[PDB]
Amino acid sequence: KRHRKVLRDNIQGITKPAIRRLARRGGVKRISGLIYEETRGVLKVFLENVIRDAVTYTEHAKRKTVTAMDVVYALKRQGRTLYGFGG
Amino acid sequence: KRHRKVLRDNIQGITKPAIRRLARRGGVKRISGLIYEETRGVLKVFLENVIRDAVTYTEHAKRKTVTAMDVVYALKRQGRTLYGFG
Amino acid sequence: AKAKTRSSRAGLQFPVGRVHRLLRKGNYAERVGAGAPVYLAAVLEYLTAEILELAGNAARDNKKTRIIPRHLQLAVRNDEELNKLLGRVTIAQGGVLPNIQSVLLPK
Amino acid sequence: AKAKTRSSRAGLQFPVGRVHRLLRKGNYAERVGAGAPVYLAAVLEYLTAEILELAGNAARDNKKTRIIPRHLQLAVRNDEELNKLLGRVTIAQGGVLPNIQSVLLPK
Amino acid sequence: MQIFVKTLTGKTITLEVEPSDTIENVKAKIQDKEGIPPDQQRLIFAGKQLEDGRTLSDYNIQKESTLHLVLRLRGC
Amino acid sequence: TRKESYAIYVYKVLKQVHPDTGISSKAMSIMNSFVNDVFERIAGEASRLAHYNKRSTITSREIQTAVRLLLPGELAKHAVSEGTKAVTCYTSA
Amino acid sequence: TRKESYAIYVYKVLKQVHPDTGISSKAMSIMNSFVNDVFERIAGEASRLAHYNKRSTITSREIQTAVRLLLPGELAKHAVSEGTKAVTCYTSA
Amino acid sequence: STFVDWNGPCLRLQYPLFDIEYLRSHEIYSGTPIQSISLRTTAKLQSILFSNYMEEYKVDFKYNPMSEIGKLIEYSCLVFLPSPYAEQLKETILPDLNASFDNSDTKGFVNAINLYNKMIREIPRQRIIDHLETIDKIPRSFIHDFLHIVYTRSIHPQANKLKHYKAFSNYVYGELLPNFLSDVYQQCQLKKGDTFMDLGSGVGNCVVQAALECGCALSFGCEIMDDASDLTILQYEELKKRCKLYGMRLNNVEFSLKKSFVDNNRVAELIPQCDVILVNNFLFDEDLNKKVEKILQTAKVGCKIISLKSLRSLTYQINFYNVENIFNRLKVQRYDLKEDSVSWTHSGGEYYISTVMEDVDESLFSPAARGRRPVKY
Amino acid sequence: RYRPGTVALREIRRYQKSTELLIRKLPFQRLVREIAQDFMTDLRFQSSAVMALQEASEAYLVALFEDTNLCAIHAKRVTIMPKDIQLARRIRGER
Amino acid sequence: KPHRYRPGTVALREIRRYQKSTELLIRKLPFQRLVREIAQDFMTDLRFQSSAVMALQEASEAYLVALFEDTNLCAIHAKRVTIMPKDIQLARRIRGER
DNA sequence: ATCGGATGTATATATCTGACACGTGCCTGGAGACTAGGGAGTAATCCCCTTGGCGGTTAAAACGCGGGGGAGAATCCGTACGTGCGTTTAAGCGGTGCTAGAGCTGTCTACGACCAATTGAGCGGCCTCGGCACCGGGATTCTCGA
DNA sequence: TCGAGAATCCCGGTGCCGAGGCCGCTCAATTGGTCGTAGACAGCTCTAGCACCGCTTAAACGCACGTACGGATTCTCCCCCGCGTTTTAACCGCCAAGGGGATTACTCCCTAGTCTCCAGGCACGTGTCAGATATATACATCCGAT
Ligand SMILES: C[S@@+](CC[C@H](N)C(=O)[O-])C[C@H]1O[C@@H](n2cnc3c(N)ncnc32)[C@H](O)[C@@H]1O
């Protein structure tokens with residue numbers, strides 16, 4: 001507890017039931033026990049890419065708030081155009 | 001054979017050895033016999049898309065010759081960016 | 001003389017004037033033709049009309065009189081051409097269609 | 001009033017002047033900064049240096065002193081970052097990297 | 001006599017007239033039944049536009065006939 | 001500062017196609033973002049076509065070709081029909 | 001008429017990095033197309049950044065951000081370092 | 001194998017196609033068709049009806065004159081000749097001719113032609129005229145191959161001139177092959193006395209084919225291109241000569257050449273009486289489609305309009321300026337093009353027939369029709 | 001006790017016809033912040049931005065799991081395994 | 001008997017031969033005719049600048065080679081060395097082409 | 001496992017050839033030097049939306065325990081495709097000619113940019129009520145073990 | 001086939017907050033002028049894409065053998081589903097503080113524009129040598145016999 005609460009890994013916060021729900025929405029009847037760690041890593045990679053692009057946009061704008069338009073532009077850069085948050 | 005020499009199917013011209021060589025370049029060791037017709041269909045679909053885009057580009061330019069740069073633009077539209085032709 | 005919106009001239013609901021101003025301010029080209037914004041506004045109105053017609057059909061089939069993101073998702077994905085147009089697009093609060101593979105159904 | 005090219009000021013080999021003219025003529029924005037073309041020419045020079053250095057290494061590995069499209073393909077695809085940058089790019093007469101999956105080789 | 005009218009939105013409207021009823025009266029009944037302004041209404045029978053000054057009997061309307069209504073949304 | 005959008009126009013089109021059906025705020029934002037996305041797509045493609053021909057003007061021909069390139073299949077045909085009809089109605093005024 | 005390209009500049013960079021290596025016309029055309037493609041990518045991204053900030057000019061900052069967005073990882077770091085070096089040397093003299 | 005599909009469709013004649021009175025009043029042929037030899041070992045073919053005319057073909061297995069000769073002889077053995085001569089001719093020449101053609105036997109082919117000429121020259125002409133008077137059906141491929149003979153005589157020597165169209169999206173030349181023409185004419189129910197219009201006739205294949213195989217009282221063709229106009233004149237002259245050679249009657253055929261159907265007095269005054277209108281609008285741009293709509297305003301009821309693209313723009317509606325329009329009274333029916341239906345491609349596609357009705361079509365009012373093609377979870 | 005796979009199919013039906021976010025809001029928000037702390041500046045993450053990140057991540061993972069299920073069925077299996085995800089991302093071009 | 005290689009050996013030899021080469025594996029004239037045919041759907045008689053057909057062949061061969069790489073990955077994933085139409089369909093479905 | 005036979009393929013020397021690299025004219029694009037506008041930096045202020053924390057509550061998550069159903073392994077069939085070999089096809093090279101279609105140059109006329117005055121469309125704020133969300137209860141529809 | 005048992009659907013009533021409509025009030029679209037110039041049309045050039053022919057021979061095609069692997073069947077077993085109980089921590093509604101994102105205002109440095117100067121680089125031409133190809137053969141690899 002030095003100056004800012006350095007957050008923990010918080011990738012286990014994507015719990016096993018949440019991954020099961022995401023799979024079930026995808027039409028998955030059975031899930032191997034190793035899927036959870038694999039898709040946790042996949043989600044971490046995807047979030048790292050998108051957040052890196054969004055924070056690049058934010059830092060270029062000389063802002064300190066990752067605005068929803070920044071995330072929309074970051075996703076649009078990667079060919080994952082997101083609707084409903086402006087554009 | 002009226003005013004234009006209408007071409008016959010000429011998708012068999014993409015012959016079984018040619019598809020075999022394309023597969024072998026891709027690291028394919030063994031090939032099912034039904035790969036050839038299905039690959040001919042896939043190639044025809046892809047070429048139809050690219051050529052339709054290229055001929056659209058030619059149509060806009062009021063030209064009748066499909067330049068190579070039109071094909072490069074058509075491939076760039078599909079995300080198939082091609083180098084070596086400008 | 002009395003003002004008459006170019007959208008009214010073209011029989012369009014969409015804003016021909018705003019489309020022209022966006023084309024000019026968007027640095028798409030040094031000059032912008034007079035008929036270009038009309039054509040683009042008509043195309044945008046058409047695509048909006050198609051998606052809203054399909055979404056309203058979905059809402060009526062779902063016994064709701066108000067279009068929500070789920071209805072837009074159903075309208076977009078259930079149509080082959082619109083889905084292909086919006087293939088790389090994510091619609092917020094859309095979910096996915098009901099699809100269970102025939103292998104997964106019980107024997 | 002001696003003429004000294006902006007590429008000479010920047011210490012670049014690439015054409016700062018042509019890059020500025022291309023930025024202006026492309027309608028990328030209303031105006032283009034004075035430091036923008038220098039920076040972009042430097043970036044292009046660096047990437048060209050990387051591609052040509054790896055390609056020259058490939059050509060030397062093949063006992064050849066002329067970079068051909070095959071050498072560019074080997075240089076691009078054997079380096080992960082350049083491959084990811086040029087992931088969607090097809091290099092004419094480039095071929096494919098030599099790779100055979102492990103299961104396909106004889107036991 | 002019962003007649004049917006078809007709109008662009010896929011709806012059929014039933015209407016009761018005699019042959020002597022004038023076209024303006026028909027437009028007024030469409031008004032009081034559906035709420036459409038009369039000036040926006042155009043009535044088509046057998047590919048011929050019905051004139052307000054004429055009567056239904058002028059055009060030789062038959063029993064259980066079909067009509068079409070067109071709404072002037074914006075026009076030109 | 002005024003935040004422009006296609007909200008009223010999407011609503012007008014909705015009342016043209018489905019008079020008795022509304023549209024929600026989230027759905028309204030999604031439709032507005034869709035209109036913006038397709039607008040920038042078509043405008044960028046028309047800009048690219050203008051550049052390729054070394055032309056400084058975006059005319060209805062450029063937008064028509066862009067619509068042909070982008071929209072798949074029957075969507076392109078119907079959109080081009082609407083564009084031609086709208087431009088024809090506009091020019092006769 | 002004249003058809004311009006980066007052939008001489010690609011060749012200069014080649015003789016800088018590899019003095020005794022030539023390059024073929026097919027490889028020269030591929031390298032020219034590569035330079036054109038990267039220039040288009042960086043310029044388009046910088047245009048998008050200028051628009052998103054309601055900024056009408058493309059400064060070196062816009063190109064630097066576009067390079068950060070486009071080039072992966074270590075390439076972006078080295079390209080940014082080289083560009084900063086070039087801009088500093090240019091502004092000094 | 002045979003040159004002619006003997007089991008192919010047999011079109012039923014609905015009018016006196018073979019001019020019997022002309023054949024009885026004339027026994028010496030005076031026309032001068034473009035000879036096959038002049039096109040660019042020779043064999044002379046003997047005309048079945050007229051003794052005085054010999055057609056020379058450059059016979060060499062090194063445009064296919066041999067295939068044309070085989071087709072002509074087979075049609076003569078099938079159509080023009082009565083029994084017992086038809087059976088004798090079938091048994092004698094046709095097997096040897098087919099064997100020679102398959103084996104590329106030049107000497108055998110010429111000997112078969114000579115045997116055919118020798119065997120025909122003893123047949124009575126009166127019997128041939130009697131059979132032609134009695135005929136009521138002929139093979140669907142006979143008119144097609146006859147028109148192709150005329151086409152090869154006229155269009156192929158100057159076929160390249162058809163490629164002078166300067167535009168990409170208008171004035172582009174493309175023919176509809178005779179099989180497709182017979183299919184659509186049978187679908188549209190062309191009959192004797194009807195009027196056929198062709199907007200943009202090209203070289204005039206459609207007009208002449210309608211006039212021949214349907215007995216139209218007037219087959220009309222409008223063309224703007226000078227090259228296509230000259231070719232149409234040449235093709236029509238060759239057709240008249242060949243029809244006189246075979247004795248076939250040719251109905252009234254009219255052409256408006258080197259002038260557009262737009263703002264044309266003749267087209268405008270003929271549209272009201274027109275019974276079928278063929279408009280190959282595959283690449284007609286939008287303004288030309290509007291002009292076609294303006295022309296077709298005066299079309300009557302029952303007049304069927306054939307086209308490669310729908311006359312109505314697919315999002316056509318009725319708000320203000322369409323209550324008086326003809327397009328509201330069109331029942332549009334789409335059908336699929338068969339393989340080898342059009343000259344410019346082999347693949348095919350779609351084509352529409354729009355029938356003019358007394359009343360407004362009820363299809364457009366349903367929103368289902370206006371859609372391109374339920375939506376629920 | 002329902003047989004194995006029955007409640008799985010019921011859950012598939014329930015979540016395919018519903019649109020609510022399937023990942024808890026606060027754990028995902030903390031994940032996003034943790035991913036962003038590698039830039040030493042303290043960011044603020046406008047709440048609509050975090051919702052947008054969750055929308056995009058859930059849609060991406062749903063599409064990924066659809067592809068994973070297709071791969072698993074291609075191998076004549078119904079259980080998805082990490083090799084299925086690796087193959088899906090390899091074919092998609094993400095690895 | 002004559003010297004005969006067992007199955008799968010000459011296939012690996014071909015893989016090594018064609019992965020280390022760069023020439024076009026589809027013959028020029030058949031692909032040219034295929035391209036011209038695919039363009040005859042348009043009525044206009046198109047000319048197809050000779051570099052354009054070559055570029056089409058480059059792009060199509062690269063696309064098919066990538067497709068067959070993905071197909072071979074699918075086939076190996078199913079514990080098989082034989083690619084099948086199901087494999088290509090899976091590859092095109094995952095890639096987003098179907 | 002190890003030893004020869006035949007095969008493919010890499011090494012080697014020689015020997016072409018046409019594409020690369022270098023030299024030169026010049027001309028058209030880059031560079032130097034004002035000028036003036038306006039876009040962007042910097043400073044001040046508002047207050048919107050962020051953080052951080054709180055306590056309470058309740059759904060969701062985690063743990064653990066059957067058990068059965070799907071994964072993986074092993075066996076065996078048979079048939080489908082790899083590998084040669086002889087035959088057939090037609091692609092590829094290599095010359096020639098056509099001519100027409102892309103490219104460049106020269107009017108000039110329509111059309112779009114720019115600017116100023118006007119004002120009604122469209123956006124920000126604020127009711128307000130009705131369509132959608134929640135909750136209780138009854139009917140409908142698998143699911144599964146019998 | 002059946003019946004208890006559990007989701008799930010539906011019916012009704014209640015509640016609420018956000019979609020829809022209304023009211024100002026900007027300010028961005030419209031109208032109407034000119035005026036620069038983009039490009040549409042026409043004419044000319046010229047070079048490259050179409051088409052043809054003939055010969056060589058490399059690749060394709062068909063057929064036959066056989067073998068190895070795709071597919072089906074059967075078995076084991078272990079791990080992942082489903083359910084019950086407990087725990088944990090998300091979600092809520094809440095309060096407050098304040099970080100910094102909009103916003104406006106001022107100044108002034110940077111870049112568009114233009115005009116002239118000039119030399120860098122693109123077209124053209126020409127030497128010559130890196131690579132392609134043939135030939136000859138040592139060497140590595142596959143495969144069958146022992
Ligand atoms: C697609 S071709 C059809 C030829 C022929 N009718 C057939 O189907 O076999 C259409 C012809 O119409 C002509 N054409 C196009 N526009 C025309 C116009 N506005 N007025 C007269 N002829 C026109 C062209 O010369 C072209 O040859």
# chains A, B, ... in the order shown; residues from 1 in each chain; ligands from 1
call {"tool": "residues_near_ligand", "arguments": {"ligand": "ligand 1", "cutoff": "9 Å", "atoms": "only C-alpha atoms (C1' of nucleotides) and all ligand atoms", "output": "MDAnalysis selection string"}}
result
(chainID H and resid 162 165 170:178 181 198:207 221:229 256:262 278:284 288 291:292 308 342:343) or (chainID J and resid 43)
call {"tool": "write_last_selection", "arguments": {"atoms": "N, CA and C atoms", "output": "compact mmCIF listing (two decimals), in the first residue's frame"}}
result
# COMPACT_ATOMS: atom_id res chain seq x y z
N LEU H 162 -18.55 -4.75 -84.97
CA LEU H 162 -19.49 -4.64 -83.87
C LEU H 162 -18.83 -4.24 -82.56
N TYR H 165 -18.24 0.01 -80.19
CA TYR H 165 -18.94 0.77 -79.16
C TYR H 165 -17.92 1.37 -78.20
N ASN H 170 -23.16 1.49 -71.83
CA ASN H 170 -24.26 1.79 -72.73
C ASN H 170 -23.81 1.51 -74.15
N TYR H 171 -24.79 1.29 -75.03
CA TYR H 171 -24.54 1.03 -76.45
C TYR H 171 -23.68 -0.21 -76.66
N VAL H 172 -23.63 -1.11 -75.67
CA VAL H 172 -22.80 -2.30 -75.77
C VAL H 172 -23.56 -3.37 -76.53
N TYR H 173 -22.88 -4.05 -77.44
CA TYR H 173 -23.51 -5.02 -78.32
C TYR H 173 -23.44 -6.41 -77.70
N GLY H 174 -24.58 -7.09 -77.67
CA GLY H 174 -24.62 -8.48 -77.27
C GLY H 174 -25.90 -9.11 -77.78
N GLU H 175 -25.76 -10.32 -78.30
CA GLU H 175 -26.86 -11.02 -78.95
C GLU H 175 -27.47 -12.03 -77.99
N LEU H 176 -28.74 -12.31 -78.21
CA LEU H 176 -29.45 -13.38 -77.52
C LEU H 176 -29.56 -14.56 -78.48
N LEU H 177 -29.10 -15.72 -78.05
CA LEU H 177 -28.94 -16.84 -78.96
C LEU H 177 -30.31 -17.38 -79.38
N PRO H 178 -30.42 -18.00 -80.56
CA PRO H 178 -31.75 -18.35 -81.09
C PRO H 178 -32.55 -19.29 -80.21
N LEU H 181 -34.34 -17.12 -77.87
CA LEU H 181 -35.40 -16.44 -78.61
C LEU H 181 -36.61 -17.33 -78.79
N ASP H 198 -38.45 -4.62 -81.36
CA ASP H 198 -37.18 -4.88 -80.70
C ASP H 198 -36.46 -3.55 -80.55
N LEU H 199 -36.32 -3.10 -79.31
CA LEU H 199 -35.67 -1.82 -79.02
C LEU H 199 -34.18 -2.08 -78.83
N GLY H 200 -33.38 -1.63 -79.79
CA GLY H 200 -31.96 -1.91 -79.77
C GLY H 200 -31.65 -3.24 -80.43
N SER H 201 -32.00 -3.36 -81.71
CA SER H 201 -31.97 -4.66 -82.37
C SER H 201 -30.58 -5.16 -82.71
N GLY H 202 -29.54 -4.35 -82.54
CA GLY H 202 -28.21 -4.80 -82.90
C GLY H 202 -28.13 -5.07 -84.39
N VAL H 203 -27.85 -6.32 -84.76
CA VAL H 203 -27.83 -6.73 -86.16
C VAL H 203 -29.21 -7.22 -86.62
N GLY H 204 -30.20 -7.25 -85.73
CA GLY H 204 -31.54 -7.64 -86.12
C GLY H 204 -31.81 -9.13 -86.11
N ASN H 205 -31.15 -9.88 -85.23
CA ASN H 205 -31.44 -11.31 -85.12
C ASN H 205 -32.84 -11.54 -84.57
N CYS H 206 -33.22 -10.77 -83.54
CA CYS H 206 -34.50 -10.99 -82.89
C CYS H 206 -35.66 -10.70 -83.83
N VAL H 207 -35.56 -9.61 -84.58
CA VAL H 207 -36.66 -9.20 -85.45
C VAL H 207 -36.89 -10.26 -86.53
N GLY H 221 -37.47 -3.21 -85.78
CA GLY H 221 -36.17 -3.14 -85.13
C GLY H 221 -35.52 -1.77 -85.20
N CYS H 222 -35.17 -1.20 -84.05
CA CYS H 222 -34.59 0.13 -83.97
C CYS H 222 -33.14 0.03 -83.51
N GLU H 223 -32.24 0.70 -84.23
CA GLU H 223 -30.81 0.66 -83.92
C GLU H 223 -30.18 2.02 -84.19
N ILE H 224 -29.17 2.35 -83.40
CA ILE H 224 -28.48 3.63 -83.48
C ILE H 224 -27.08 3.49 -84.08
N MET H 225 -26.36 2.42 -83.76
CA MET H 225 -24.99 2.29 -84.24
C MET H 225 -24.94 2.12 -85.75
N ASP H 226 -24.03 2.88 -86.37
CA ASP H 226 -23.87 2.83 -87.82
C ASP H 226 -23.38 1.46 -88.27
N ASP H 227 -22.41 0.89 -87.56
CA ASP H 227 -21.89 -0.42 -87.93
C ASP H 227 -22.97 -1.48 -87.81
N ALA H 228 -23.70 -1.49 -86.70
CA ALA H 228 -24.78 -2.44 -86.53
C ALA H 228 -25.88 -2.20 -87.55
N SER H 229 -26.09 -0.95 -87.95
CA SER H 229 -27.09 -0.66 -88.97
C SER H 229 -26.70 -1.23 -90.33
N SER H 256 -35.67 0.82 -88.28
CA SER H 256 -35.32 2.23 -88.11
C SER H 256 -33.85 2.24 -87.68
N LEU H 257 -32.98 2.51 -88.65
CA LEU H 257 -31.54 2.37 -88.47
C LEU H 257 -30.88 3.72 -88.31
N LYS H 258 -29.81 3.73 -87.51
CA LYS H 258 -28.98 4.92 -87.31
C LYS H 258 -29.77 6.06 -86.67
N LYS H 259 -30.79 5.73 -85.88
CA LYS H 259 -31.55 6.73 -85.14
C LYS H 259 -32.16 6.07 -83.92
N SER H 260 -32.08 6.76 -82.79
CA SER H 260 -32.51 6.19 -81.52
C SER H 260 -34.02 6.03 -81.48
N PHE H 261 -34.47 5.01 -80.74
CA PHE H 261 -35.90 4.89 -80.45
C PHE H 261 -36.41 6.02 -79.56
N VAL H 262 -35.52 6.72 -78.85
CA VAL H 262 -35.95 7.85 -78.03
C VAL H 262 -36.41 8.98 -78.93
N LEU H 278 -39.27 -6.59 -77.20
CA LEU H 278 -38.04 -7.12 -76.62
C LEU H 278 -37.04 -5.97 -76.47
N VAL H 279 -36.61 -5.73 -75.23
CA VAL H 279 -35.63 -4.69 -74.93
C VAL H 279 -34.49 -5.32 -74.14
N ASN H 280 -33.36 -5.52 -74.80
CA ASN H 280 -32.17 -6.08 -74.17
C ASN H 280 -31.48 -4.96 -73.39
N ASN H 281 -31.97 -4.75 -72.17
CA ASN H 281 -31.51 -3.66 -71.31
C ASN H 281 -30.51 -4.15 -70.27
N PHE H 282 -29.60 -5.05 -70.65
CA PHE H 282 -28.67 -5.62 -69.69
C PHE H 282 -27.75 -4.55 -69.10
N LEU H 283 -27.27 -3.63 -69.93
CA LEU H 283 -26.42 -2.52 -69.49
C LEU H 283 -27.00 -1.16 -69.87
N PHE H 284 -28.31 -1.06 -70.05
CA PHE H 284 -28.92 0.25 -70.20
C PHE H 284 -28.79 1.01 -68.89
N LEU H 288 -31.46 5.97 -69.79
CA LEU H 288 -32.03 5.25 -70.92
C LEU H 288 -33.19 4.37 -70.48
N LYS H 291 -36.06 6.69 -70.31
CA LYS H 291 -36.54 6.98 -71.65
C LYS H 291 -37.36 5.82 -72.20
N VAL H 292 -36.93 4.59 -71.91
CA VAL H 292 -37.71 3.42 -72.31
C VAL H 292 -39.07 3.43 -71.62
N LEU H 308 -33.79 -8.29 -70.17
CA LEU H 308 -32.78 -8.94 -69.34
C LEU H 308 -32.69 -8.34 -67.95
N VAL H 342 -27.36 -16.60 -74.13
CA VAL H 342 -26.90 -15.30 -74.59
C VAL H 342 -25.50 -15.47 -75.18
N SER H 343 -25.18 -14.59 -76.12
CA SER H 343 -23.90 -14.68 -76.83
C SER H 343 -22.72 -14.20 -76.00
N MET J 43 -20.93 -7.58 -70.46
CA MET J 43 -21.10 -7.62 -71.91
C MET J 43 -19.88 -7.07 -72.64
call {"tool": "interface_residues", "arguments": {"of": "chain D", "to": "chain B", "cutoff": "9 Å", "atoms": "only C-alpha atoms", "output": "PyMOL selection string"}}
result
chain D and resi 69+88-93+95-96+98-101+104-105
call {"tool": "interface_residues", "arguments": {"of": "chain L", "to": "chain C", "cutoff": "12 Å", "atoms": "only C-alpha atoms (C1' of nucleotides)", "output": "JSON, numbers by chain"}}
result
{"L": [18, 19, 20, 28, 29, 30, 31, 32, 37, 38]}
call {"tool": "residues_around", "arguments": {"residues": "residue 53 (chain A)", "least_positions_apart": "5", "cutoff": "10 Å", "atoms": "only C-alpha atoms (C1' of nucleotides)", "output": "PyMOL selection string"}}
result
(chain A and resi 47-48+58-59+70-71+73-75+77-78) or (chain G and resi 65+68-70)
call {"tool": "residues_around", "arguments": {"residues": "residue 123 (chain K)", "least_positions_apart": "2", "cutoff": "8 Å", "atoms": "only C-alpha atoms (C1' of nucleotides)", "output": "list in words"}}
result
residues 2, 3 and 4 of chain F
call {"tool": "interface_residues", "arguments": {"of": "chain L", "to": "chain J", "cutoff": "12 Å", "atoms": "only C-alpha atoms (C1' of nucleotides)", "output": "ChimeraX atom specification"}}
result
/L:48-50,58-60,65-71,141-144
call {"tool": "closest_atom_pairs", "arguments": {"of": "chain H", "to": "chain K", "cutoff": "12 Å", "atoms": "only C-alpha atoms (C1' of nucleotides)", "output": "Markdown table"}}
result
| residue | atom | partner | partner_atom | distance |
| --- | --- | --- | --- | --- |
| H:160 | CA | K:99 | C1' | 10.9 |
| H:161 | CA | K:100 | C1' | 11.3 |
| H:163 | CA | K:100 | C1' | 9.9 |
| H:164 | CA | K:100 | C1' | 8.9 |
| H:165 | CA | K:100 | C1' | 11.4 |
| H:166 | CA | K:101 | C1' | 9.6 |
| H:167 | CA | K:101 | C1' | 11.7 |
call {"tool": "interface_residues", "arguments": {"of": "chain K", "to": "chain C", "cutoff": "9 Å", "atoms": "only C-alpha atoms (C1' of nucleotides)", "output": "list in words"}}
result
residues 111, 112, 113, 119, 120, 121, 131 and 132 of chain K
call {"tool": "decode", "arguments": {"residues": "region 78-88 of chain G", "atoms": "N, CA, C and O atoms", "output": "PDB file, in the first residue's frame"}}
result
ATOM      1  N   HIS G  78      11.580   1.427 -32.395  1.00  0.00           N
ATOM      2  CA  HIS G  78      12.716   1.858 -33.204  1.00  0.00           C
ATOM      3  C   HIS G  78      12.314   2.917 -34.221  1.00  0.00           C
ATOM      4  O   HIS G  78      13.062   3.873 -34.450  1.00  0.00           O
ATOM      5  N   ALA G  79      11.148   2.768 -34.850  1.00  0.00           N
ATOM      6  CA  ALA G  79      10.706   3.760 -35.821  1.00  0.00           C
ATOM      7  C   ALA G  79      10.484   5.109 -35.160  1.00  0.00           C
ATOM      8  O   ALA G  79      10.851   6.146 -35.719  1.00  0.00           O
ATOM      9  N   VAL G  80       9.892   5.116 -33.966  1.00  0.00           N
ATOM     10  CA  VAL G  80       9.679   6.365 -33.247  1.00  0.00           C
ATOM     11  C   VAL G  80      11.009   6.993 -32.865  1.00  0.00           C
ATOM     12  O   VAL G  80      11.176   8.214 -32.954  1.00  0.00           O
ATOM     13  N   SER G  81      11.973   6.182 -32.423  1.00  0.00           N
ATOM     14  CA  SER G  81      13.282   6.730 -32.085  1.00  0.00           C
ATOM     15  C   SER G  81      13.954   7.348 -33.304  1.00  0.00           C
ATOM     16  O   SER G  81      14.495   8.459 -33.228  1.00  0.00           O
ATOM     17  N   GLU G  82      13.914   6.654 -34.444  1.00  0.00           N
ATOM     18  CA  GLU G  82      14.517   7.193 -35.660  1.00  0.00           C
ATOM     19  C   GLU G  82      13.814   8.465 -36.111  1.00  0.00           C
ATOM     20  O   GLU G  82      14.467   9.431 -36.519  1.00  0.00           O
ATOM     21  N   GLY G  83      12.483   8.484 -36.054  1.00  0.00           N
ATOM     22  CA  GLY G  83      11.757   9.673 -36.461  1.00  0.00           C
ATOM     23  C   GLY G  83      12.039  10.861 -35.566  1.00  0.00           C
ATOM     24  O   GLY G  83      12.196  11.987 -36.044  1.00  0.00           O
ATOM     25  N   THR G  84      12.100  10.632 -34.255  1.00  0.00           N
ATOM     26  CA  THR G  84      12.443  11.710 -33.338  1.00  0.00           C
ATOM     27  C   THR G  84      13.845  12.227 -33.612  1.00  0.00           C
ATOM     28  O   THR G  84      14.080  13.442 -33.598  1.00  0.00           O
ATOM     29  N   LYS G  85      14.791  11.320 -33.872  1.00  0.00           N
ATOM     30  CA  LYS G  85      16.148  11.738 -34.211  1.00  0.00           C
ATOM     31  C   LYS G  85      16.154  12.598 -35.468  1.00  0.00           C
ATOM     32  O   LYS G  85      16.807  13.648 -35.516  1.00  0.00           O
ATOM     33  N   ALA G  86      15.419  12.169 -36.495  1.00  0.00           N
ATOM     34  CA  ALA G  86      15.395  12.910 -37.750  1.00  0.00           C
ATOM     35  C   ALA G  86      14.774  14.286 -37.570  1.00  0.00           C
ATOM     36  O   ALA G  86      15.288  15.276 -38.096  1.00  0.00           O
ATOM     37  N   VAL G  87      13.671  14.371 -36.826  1.00  0.00           N
ATOM     38  CA  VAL G  87      13.017  15.660 -36.632  1.00  0.00           C
ATOM     39  C   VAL G  87      13.904  16.590 -35.817  1.00  0.00           C
ATOM     40  O   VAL G  87      13.994  17.789 -36.106  1.00  0.00           O
ATOM     41  N   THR G  88      14.566  16.066 -34.781  1.00  0.00           N
ATOM     42  CA  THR G  88      15.457  16.906 -33.988  1.00  0.00           C
ATOM     43  C   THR G  88      16.615  17.424 -34.826  1.00  0.00           C
ATOM     44  O   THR G  88      16.963  18.609 -34.750  1.00  0.00           O
TER      45      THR G  88
END
